[PDB]
């Protein structure tokens, strides 16, 4: 999986530099601007200067039509950087010429390529004036037509959260942090598998199996639309069971399934547990995602222990 974060314009460049300093796992950063000095200050993996002939590396002068023309004239350079990319986050502060004007063009180029295109952009603070806000709104109307998902962050709303006497510099740093949180938050759901501390699940198993006494064991596999309920029924309604699980005061139930498992399926398995156990029983549910398990299959294992009359199970 190839995921790129593209900062467009001054604000966008400033924002990704913060993301780079803090860190976002598994993504590549790209800085895009008509302002050469700002690009040179970028720590992104790749820097793309656009509209060199119309701006001469001096920025778009606050004109969105110039930022739009800059991106169009540099279409190939942009396309080139988007090759072999599965997803892209386009971030910028709308209100000026480059972020506002170039972002919709970059979005169109990416979506045209079938790339999952997500935009996370801001609208200007109130103190910035009406012209800035107007430019941002017109920019959003164009951006909207060329992205898969559009997350708009109102800087005015951020102002409401910030302290009464916050300095402008700090208000913008807050904006940077908000964009960062959004990009990192979504992207890491895809790039970070998550670490599993095996000693942690041994602790959960130990707490239930230590001095537990006689126990009922059940295993079941399921396949298809109702794989969960089917695996659950096979395990809890197993023939090996000589005494009703209904008498157990403790029940450990674990589901091992591919990442595509839905919460609804977990619920269906839970309804089976309830129909085969005491309402007063302490039920501990375990979940393990294992894509080594066939796409339409599921595995269930449960242990029922701590019965009132243990002799009913052993003999």
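Residue numbers count along the first chain shown, from 1.
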### Message
Using only C-alpha atoms and the B-factors in the entry, which stretch averages higher, 232-240 or 95-103?
### Response
232-240
## Note on the structure
Between 199-207 and 67-75, the record assigns the higher mean Cα B factor to 199-207
### From 35, 28, 279, 290, residue of greatest CA B-factor
279
### Query
Among 254, 43, 247, 49, which carries the highest Cα B-factor?
247
### Message
Where does the C-alpha B-factor of residue 89 rank in its chain, lowest, middle or highest third?
### Response
lowest
### Task
Please rank the C-alpha B-factors of the chain's modelled residues and tell me whether residue 183 sits in the lowest, middle or highest third.
lowest
### Summary
residue 12: C-alpha B-factor third of its chain, per the entry, is the lowest
### Message
Which third, lowest, middle or highest, does the C-alpha temperature factor of residue 62 belong to within its own chain?
### Response
lowest
### Summary
residue 158: C-alpha B-factor third of its chain, per the entry, is the highest
